[PDB]
Amino acid sequence: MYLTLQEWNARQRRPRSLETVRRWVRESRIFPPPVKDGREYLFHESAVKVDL
DNA sequence: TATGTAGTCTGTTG
DNA sequence: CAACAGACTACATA
């Protein structure tokens, strides 16, 4: 089941700015990596920020 | 090194 | 065709 970037961020233990999260997606710090569906990313429920 | 704001620009949507 | 989500930025200050 998938979430928008904003909804995903809101449910994280430590929500950040939307810009920050978009940077994490571009740098591939999110596992599993989000799907870009048209103009928006779709995050799996379970996705997490990971260390590089 | 990491993040946040606030600006312009691009591709997708309805 | 206007509004939205994002790609990017300089700059500010953690």
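Reckoned from all heavy atoms, side chains included, excluding hydrogens, waters and symmetry mates. Lettering of chains follows the sequences in order, A, B, ..., and the numbering in each one begins at 1.
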Q.
Take a 6.0 Å sphere around CD of A:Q6 and say whether it holds more than 12 heavy atoms from other residues, nucleotides or ligands.
A. no
Q.
Could you report the tightest heavy-atom contact between A:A10 and A:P15, atom names first, then the distance?
A. O-CG, 4.0 Å
(Q) So does A:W24 get a backbone contact from the side chain of A:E27, meaning a donor-acceptor N/O pair under 3.5 Å? (A) no
Q | Sidechain-backbone polar pair: A:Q12 side chain, A:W8 backbone, donor-acceptor under 3.5 Å | A | yes
Q) Would you say the side chain of A:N9 lies within less than 4.5 Å of the side chain of A:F43, judging by non-hydrogen atoms? A) no
Rounded to the nearest angstrom, tell me the gap between atom [atom1] in [X] and atom [atom2] in [N].
X     : N      : atom1 : atom2 : result
A:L52 : B:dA2  : CG    : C1'   : 13 Å
A:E27 : B:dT1  : CD    : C1'   : 12 Å
A:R39 : C:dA7  : CZ    : P     : 14 Å
A:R26 : C:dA7  : CZ    : P     : 4 Å
A:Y41 : C:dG6  : OH    : P     : 8 Å
A:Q6  : C:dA5  : CD    : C1'   : 10 Å
A:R14 : B:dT3  : CZ    : P     : 9 Å
A:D37 : B:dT12 : CG    : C1'   : 10 Å

Q) Counting any heavy atom closer than 4.0 Å, what does A:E19 reach on the DNA or RNA strands: base, sugar-phosphate only, or nothing? A) base
Pseudorotation half of [N] (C1'-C2'-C3'-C4': positive north, negative south):
N     : result
B:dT5 : south
B:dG7 : north
C:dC8 : north

Q.
Is the phosphate of B:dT3 approached by A:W24 (side-chain N or O, under 4.0 Å from OP1 or OP2)?
A. yes
Q) Would one find a side-chain N or O of A:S17 under 4.0 angstrom from OP1 or OP2 of B:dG4? A) yes
**Q.** 5' precedence on DNA chain C between A:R23 and A:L5 (nearest-nucleotide basis)
**A.** A:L5
